Protein chains: 4
Amino acid sequence: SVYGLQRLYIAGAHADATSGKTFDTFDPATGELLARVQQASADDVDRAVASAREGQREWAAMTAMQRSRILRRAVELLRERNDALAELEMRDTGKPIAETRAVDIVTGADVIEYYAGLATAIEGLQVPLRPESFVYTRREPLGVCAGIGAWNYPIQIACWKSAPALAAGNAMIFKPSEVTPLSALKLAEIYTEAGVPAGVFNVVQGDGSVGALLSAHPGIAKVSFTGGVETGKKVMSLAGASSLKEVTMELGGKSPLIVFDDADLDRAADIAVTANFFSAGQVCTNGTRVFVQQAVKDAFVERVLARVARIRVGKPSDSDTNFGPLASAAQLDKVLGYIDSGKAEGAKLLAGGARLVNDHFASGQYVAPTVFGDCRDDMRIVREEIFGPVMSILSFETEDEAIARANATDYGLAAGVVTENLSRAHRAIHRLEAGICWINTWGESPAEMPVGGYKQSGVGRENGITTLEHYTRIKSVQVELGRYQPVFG
Amino acid sequence: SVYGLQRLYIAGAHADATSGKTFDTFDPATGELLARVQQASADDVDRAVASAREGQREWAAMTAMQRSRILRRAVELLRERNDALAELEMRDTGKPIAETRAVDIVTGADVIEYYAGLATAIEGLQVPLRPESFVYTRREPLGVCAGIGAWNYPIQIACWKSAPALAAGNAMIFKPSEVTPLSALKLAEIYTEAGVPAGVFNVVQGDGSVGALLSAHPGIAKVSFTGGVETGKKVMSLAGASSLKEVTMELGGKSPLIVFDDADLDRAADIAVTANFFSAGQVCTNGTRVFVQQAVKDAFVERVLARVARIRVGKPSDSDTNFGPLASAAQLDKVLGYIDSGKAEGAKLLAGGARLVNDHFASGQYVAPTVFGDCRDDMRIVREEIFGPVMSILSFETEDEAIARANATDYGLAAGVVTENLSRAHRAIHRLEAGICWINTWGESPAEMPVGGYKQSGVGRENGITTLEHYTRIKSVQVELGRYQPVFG
Amino acid sequence: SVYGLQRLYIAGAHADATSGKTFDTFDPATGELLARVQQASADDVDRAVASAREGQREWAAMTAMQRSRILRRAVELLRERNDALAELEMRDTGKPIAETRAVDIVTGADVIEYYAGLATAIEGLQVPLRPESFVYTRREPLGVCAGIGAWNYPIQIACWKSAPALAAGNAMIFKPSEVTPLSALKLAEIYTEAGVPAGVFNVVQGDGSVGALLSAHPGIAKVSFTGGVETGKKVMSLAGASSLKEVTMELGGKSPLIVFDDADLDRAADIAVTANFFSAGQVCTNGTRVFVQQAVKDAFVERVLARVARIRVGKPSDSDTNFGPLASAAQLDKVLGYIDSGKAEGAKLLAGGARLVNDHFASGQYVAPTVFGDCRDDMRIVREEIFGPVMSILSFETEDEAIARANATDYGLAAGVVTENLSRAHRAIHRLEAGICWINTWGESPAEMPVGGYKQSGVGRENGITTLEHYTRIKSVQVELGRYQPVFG
Amino acid sequence: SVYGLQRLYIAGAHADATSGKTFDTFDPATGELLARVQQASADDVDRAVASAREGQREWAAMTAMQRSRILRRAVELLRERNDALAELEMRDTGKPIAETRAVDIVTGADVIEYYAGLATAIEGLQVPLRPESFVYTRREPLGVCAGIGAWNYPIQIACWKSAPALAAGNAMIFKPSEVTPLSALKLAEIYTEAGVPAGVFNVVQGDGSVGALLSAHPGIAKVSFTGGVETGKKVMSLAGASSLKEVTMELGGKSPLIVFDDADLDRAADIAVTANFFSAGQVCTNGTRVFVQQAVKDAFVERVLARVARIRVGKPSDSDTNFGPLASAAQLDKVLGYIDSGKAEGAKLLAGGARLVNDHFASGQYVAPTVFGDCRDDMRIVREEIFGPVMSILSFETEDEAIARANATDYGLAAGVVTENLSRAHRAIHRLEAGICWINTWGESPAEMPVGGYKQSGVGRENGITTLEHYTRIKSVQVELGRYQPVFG
Ligand code: NA
Ligand code: NA
Ligand code: NA
Ligand code: NA
C-alpha cells in the first residue's frame, strides 16, 4: 500500500488493536490501496477510555494558560506541516489538493488557535442571595468526550471537535470515518509533540460499530457526531439510552439559496456554483435547492451554466484541478441513482449528469458537475440530501412563496439569500428556518460563528464562544454564611 | 369524586379527549377518589401541537416587554390564589399543607417572576470579520416545546419548565404525572387569564404512553423531562431517534452529605433531617447518603435521632403536620421493600422502619421517617435511589475517603458538606461530582441558580439565566458587504 | 402662580430648603408664572447625602426581587398618572401635549420597567486559578449617585438616570434643570408611594451652583450629567478633582444625516423633518447637518419643504399642535442669533427664519421651523449645536466625501443614513464616528440600546444592560485554599 | 553614564525630542548616573499623536487574529529577554534582581499573553425590537489612548496598560515615570520587532508636564494613569475639562489587613510581611494598616518581628537580596519624615526606623524595614499612604470594630482578612470597602482578576475581561426594515 499498516493512537503512541480485524482505505481518484487499518475492539475502546481518564486528570490540573500555550504550539506545527498533511488528505478523500492545501488544515488550525486563546476566559458566575448567602458556579470539564468524524473534512472535523474539548480541559477519543482514517493519526502525533499529555487525544479506528462502542460507553460524558441524519438519530438515541450523555449532532441538509430579482446576478451565479460543487458537492451546508425569482431566472441560469462549464475537472493531485472524484464508489452509486431519479421525474438536465470514464477517470469515482432546471418541490432530488454535485434550480414568483418553500423541509442546516436590498436581505433571513445563514455570500465558517442545524439537521453547535462553554458542565455552589434555620423544628 | 371530571386544556379552554380512556387520581392520605381524568389520544396530541404552533406565532410576534407583562400578571394571580392551589396540591400529592402553602406555588411563581423580568435581555452577539463582513446571531424561539412533570412537585415543575420556555417566546405542551394531574390545569387557566394566547400553554393528560407521544412527535423541537433515571433514558432515546429534539433531563440521585469532624453538629443534624424527610423523603436532590467523620459520629447520630423523634407525622390537611404519607401505594411498596432490604443486608435500624396503620393512618400510604446506621457502600439502600424517607448513615475516617466514596456512584445530582473551615468547605465541594452543591445548608434552589445533574442524573439545566438561553436556538447570520470572490474562476 | 410654592424632596417627604433663595419657573408658551421654587443650600445637599446614605443601606439590604417588585409598582403608577404628568411637563417645558402624553412618561417608565426586570440578573464572575485558589467578583452598589437633568426631557431624564441606579441598589440625589423643576418631584412621590425607602431618590433644586455642590460632594460616588458640552466639561473636571467620582456625560451633538442617491426620498424627508423639529428642535441627537447626494438634492429638498409647511405650529396645550415654543427666552435669543448668523454667512433661507409674534404667539417663545439650503462646512450654523429648530442642508458628490465631512467634527453623539442598499447602509454606518447610529429611521431609543457620545459628545452610556452594570463597582475576591508560600523566607 | 543617551520612541524608531531639555535617571542603590533622557516637547506629543493615529488605522484594519499573533510574538520576545530586562529594571528602580527577574517582566508578559488570546472575543450584542427592526452594537477601538506609568513597576505597568489597548485595536502613547524611563523603550522595541505597526506603541519622556500634555491633548480618546491620589485628581480633571476623555485611575491606598483570633498566625505573619515590605514597601495595594484581634496580638507581633529580622537587606544587584533601597532621595526623605511623625505621635517602634548608612548603603537610599506597634487611628502614619516600608499594627476587640475602622478611610484600593472560618472569611470581605480583596493570602494579581480602587483610590479597572471591553467604545446601530412612520404627518 502507499502508506502502509495503520493502527490506533492510545496513551501518547501508536498501538495495535485487539480485534483481529482490519479495513482498507483507497484513493478514490485511482483505486490505489492507501493503507490497511487495524479496527479497534471493545477492549481497545475500554483502554482508550481508561487512558483518556488518566490524561484528562493531568490536563485539567494544569492552568488554563498552560493549556493555551500547548494548543498554540499545536497550531504552529499544523501550519508548518500544512502541505504534507494536505497531500495525505487529498489522497485519502479525493478532494483537490488546491482545496486541502488552502482550506482543510488552515481552518482546522484556525479553530484550535481560536480556542487556545480563549482557554483562559471560561468563567462561572457569582450572585448574592442575601447578606448571609451567595452562589457561585464552576464550569468544570465534562471529562472524557467522544468525537465521531465524517469523511468529507477528516482532519478539519478532528480539529473542530477536539479544540473546544481540549481547551476546556477535557480529553477526547476521536474516531475518523473508516473511509478516511489517516489524517486523524497525524493530528494525534502533533498534539503529543505540542505537549498534550498521554491520553488527552486518543484515536480509535473502524466502522459504525466502533462508533457505537463510543456512544454507548458509560465512561464517556459527551458524544459529538458529524454525519448523515439517519445515522445521527441512532447515535443520539444510543448516547441517551446508555448513560444520558450530552450530545452534539452536525448532520446533513437541503439548504435553500434564494436568488431574488434584485440580486447581483454575477454574484448570485458565483455563489450558487460555490454552494453546489466545492469538495465535489460533498458539503453538508451546500445550497442544493437554488430558488430563483422568475424575472431573473433565464439570465441567472445562463450565468450559472457558463461558470459550470469552466469548472476544471481533473486529477485531485493536480493543483490546476478544482473538482475531482467523489469519496467512494458507494457515493458514486448513490449520486448517479439520484441523477437517474431526477431525469425520470422530469427535471431538465442542463449540465453534466454522467460518470466520467475516459482516460484516467475510469480508475476513479468521477461524476460530472450536474445541474437540473425546472425542478419541482415534490421531486426526490429536491427533497433529499444527495451529498454530491447536483444543483436543483427552482423558479418562484414572490418573496413569501420562496420563504415558504425554502422552509417546507425537515432539514434546517443552512440558508442564504442574494439581494442588493437592505430590508429584503435581513427580513428574508430572519424568516428562514436554518441555523447557518449567509447574505450575499456562501460557505465561510469563521471560528467566531456558531454553526449547527435547526430541525433534523442537528443538535447543539460548533465554533464560537458558546461551543467552548458547552464543553464544560455547570456546578452551582450555594454558600450559607448564616445560621441554618431548621425546617423540622 | 372530590374534584369531579377532569380533561385536557388545549387552545385556551378545557377540552374533551378522544381516547375513550380515563384514569383516576386519589388522595394518598385517605384513599378518596379525587378525580376521573380523560387521557389524551394520539389525535389529541396532534391537536395540541397544531394549537401550540398557532399560539406560538402570536406569542413570538409580541415584543419581549409584552410577554414580560403578561407573565408578571400570571405571577400576581398565582400569589393571590396561593392558598387555594396549595390545598389542591396537598390533596393530590399528600404533601403537608404546611409545605404546599409555603413552597410549591411560592417558588413556582418565583421562577416565572424571574424569567418574566429577564424576557427583555435575550441578546445575540455581533462580531466583525473584516471591514467588508460581519456576523450577528439571533436567539430565536425553539417553537413548540414539551414538558413532562413528576408527581412530587406538580405545579412547581409546571412553572419551572413553562417559565423559561414562554419567556423566550415558545409554546409548551405540558403533561403532568398521572399521579398528580390536577394542579397543572389551574396553571393553564391562570396563563390564559393573564393574557397568554390560546395554545401557548396546553395540558395533555395520561401515563407514560402519552409522554411517549410527546417525545416522539415531529412537530416538537425540545422535550424537558423530570423523573426517574430509567424513564429519562427512554425519553431521551425516543426524543433523539424520532426527530433530533433538544433535551433537558432532571433525574434522580443518591446525593452525598458529608459531615466533617469540624462541622457545627447541630447545624449538620438539622441539615441531614431536612435533606432526608422533607416532602416525605420524595425529593430528587435529597442527601440520602449521610457520611459522618468517625470522631463526631456518635454525637451527630444522637442529634439526628432527637430531631427525627420531633417530626410531626400526621394528616397532611393539618397545618401542624410536617410529614405526611407517600404519594401512592406503589411508592409505599417500593420504600418498604428497601427497608426490608436494608434490614436483611445488616444495616442497623435506628428510627422508624414500618408502615403506620393506627387510626386514620391505615387509610393512607404512611411510612415512618426511617434512619439506618452502620451502613456499607455495597448495600442496596446505599447504592439505589429510594425516593422515600430513608436516611443511610455511613462512617468515614479521612477527607479523601469521604470524597472518593461520595463520588463512587453513577448518580450526580446534588452534594453537600458541613464544616466550619474555609479551605475544607470549598476544596471538598470542588472535588464532588455533582451539579448542585450546598455548603452548610441544603435544599434551597434560588431562581438564579442553575440546577441539574452530572453523570446519569441529568442532561442540561433548569433555572438561572442559562436556562432562558437554552429555550432559544442560535441563528448565525454572516453579512457580506464586499464583492464575493469567486471560488470557481 | 399656577402650581404654587415648590421645594425639596428629602427623606421621603417634601422639605424646606435652607438657602433663603428661590427661583421662578414659567410657561414658555404664555409667560405665566408656574411656581416659585426653593433653592437647596450647601447644608441641604449635605442633608440629602446623609439621607441617601441611610436609605441606600435599607434598599441594598433587600433582595434583588424585592427591589424589582417596588420598581415595577413605580411603573404602574407612572402609567396610571401618564396624562396628569404629561400636562405638568407640557406646562413646564413648552413641548406639545401630543409629545408629553405619548413619549416623555411612556419612555421614562419603559426604562424603569426594563431595569426592574433586570435587577435580578446582576452577576459577578468566578474563575479558578489552580486547585488551591479561585477568584469571584461581587458587583456592589456604588452607594450614593448624583443625577443632573436637562430641561428638554425633564421627567424622562430623571427616569433614565434613576432606573439603573436604583435597580442596582444605589440611592440617587437628582437635580432637575432650574428651567423645568416640577416633574422630578412627582417622580419622587411615586417612588415613595411604590415602596422605595426614604432617601433612595432625593430631589434638590437650583441652578448650576447646586449642580456643582453635588459634583464636588465627597460622599457621592458617581455623577451622571445631561446637558451642553461646555457645562459637561466643568462637571467632569469637578467630579474628578474633588473625589475621583465615576462619571457619565450625555452631551450635545451636531449629528449628520446622510441621504444617498438610492435613498427612499419620501422616507428620507420624513426622517429629516423628525430629526430636526421634534420637541421644537431641542434634542441632543437631532440630525442637524443633513447631507444629501447631488443627484437627489432638488427632489429631496422639495419633499422636505412640503412636509415642513405641514408642521402644525400652535399652543402646546392644544393636542392638534405638533410644534410649540422653545423652552425659554434665552433659548429664543440664541436660536435667533444663529439664524442671523446663517443669513449673514450666505446660507439660503428656505423656510421659517423668524420669531412668531402674531396673536397668542407674542406671549411665548416661538421660533418658526427653519431650513437653510446651500450650506457650507465652515458656517457657524453648520459647526455649532444650535439646540433649536434649524436644519442645515449640505450637498455632496461621493460617499467617501459625505463620510469624511460627517466625521469632521468634535461632536460624536448620533449619525444616520438613508439608503435602500444593503452594503452601503452597513459600510457607511460602520465608518461614522458616533455612538448612536440609525439606518432608514431616526430618533427611537429603545431601553435595550446603549446610547451615548463619541469624542466631546459624552462619556459612558445610558440604557442597555451595560448601564445597569455601570451602576455597580467590581470587588474582586481571591480565595486562597492552600498554604501561603512565604515570599520573605 | 551606564546606559547612555536616551530619547523618544515614535513611529517605529528612536527619535530625538525637540524641547532642548533632558533629565537624568540614577541607580538609587549607588547614585550612579544611568542615563540622560531627552524630554518630549509639545510638538513631540503632537507628532506622537499623528504617528499613533496613522498606526492605529493599520492596526485596526487587521483581523483580530492577526493582532493576536503579533501580541503572542511580543510575549515570546519578553520571555526570551527576561533576564536582560530584569537587570535594566533593577538598575533603574532599585528593586531586588530577585524581584525583577521573577515578577516584573513575567507578569507584564502574562497580561499581554492573556489579552492576545482574548483579542478574538470582543463581541457586540444583537437584540430585536420587533419583526421590522433590530439593534446590533459594534465595539470599536477608542483610537489613540494615553498611558502614564509609575516608577515602582515601570515595564509591568507599561505592559498592563498597553496590552488591552492594543488587543482591542487601539494605539497607545505611553509616558514612563521620569524616575524610571528606561524599560518602556525596550517594550517599544519588542512590539516593533513582533510586528506591531509604526506608531501603535509610542513612548514620550519627561516629568508631569509631559503627562499633562497627554491628558489635555484633543486627539487622545482615553487616559490611563497610575500614581498618587493627588496627582490622579489633577490628571482626571484635565482629561475631562480638555476633551471629555475616558479615564482609568489606579491610585494609592491605605489598605487594611485584618488578622482575626482564629487566623493561622504563621500564615498571618507571612502575609503581613509580604504585604508591607515587598518592593521595599513601594506597592499601592500594600496592607499598611495591620489590624490584629487582641487575643492573638502578642503571638502575632512576635511572629512578625521574627520574620522581619530575617529580611535580607542588601544590594539589589545581589540575588540573595530580597529588600533594597527606595527609588529616590525624595522617597527616602518622605518615608523618614513619616517615621519621625510616628515616633512623635507615640507609636511604638518595634523594628527598623532608620536610614542605613554603613558601607555601601551610604551611597544609596536605604531605609530599614520598619514596624510600629500600639498605633492609633488618628496617627498620620495610620491615616496617610507612606509608600515605603512602614507597617502600622493596630489592636481591635471585635469583628464589627475591625470592619468599621478598616472602612473609615477615603482610600479603598485593597483589603484582606486572615481566618480559618468559612462564614467569617466571606462575610468580613463582603463588608470591606475595597476593590481588591484577599482571603488568607495577599498580593497576587492574576490577569483574570479585575483590579482597581473604591472611593479615592481609583476609577475604572485593569486586567480581567472587563478591561478589554473598556478599551472599546459602543456604537449602537438600529436597522429599520419597515416603513418609517412619519411623526410630522
Ligand atoms: Na480513502
Ligand atoms: Na393523586
Ligand atoms: Na419652565
Ligand atoms: Na532611576
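Note that ligands are numbered from 1 as they come in the structure, with each ligand's atoms numbered from 1 the same way. Below, chain A is the first sequence line, B the second, and so on; all start at residue 1.
Here the angle centred on the Na ion (ligand 2), running from O of B:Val179 over to OG1 of B:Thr25, is 80°, rounded to 10°.
Taking 3.0 Å as the threshold, C:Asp92 counts as a candidate ligand of the Na ion (ligand 3), since one of its N, O or S atoms lies below it. For residue C:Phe26, an N/O/S atom approaches the Na ion (ligand 3) to within less than 3.0 Å.
A donor-acceptor contact closer than 3.5 angstrom links the side chains of D:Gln282 and D:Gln331. For the residue pair B:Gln6 / B:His14, no side-chain donor-acceptor distance below 3.5 Å is found, with atom types taken as modelled.
Between the CD1 atom of B:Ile97 and the NZ atom of B:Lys315 there is a distance of 14.5 Å, given to the nearest 0.5 Å.
Within a 6.0 Å radius of NZ in C:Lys334, other residues, nucleotides and ligands contribute more than 12 heavy atoms.
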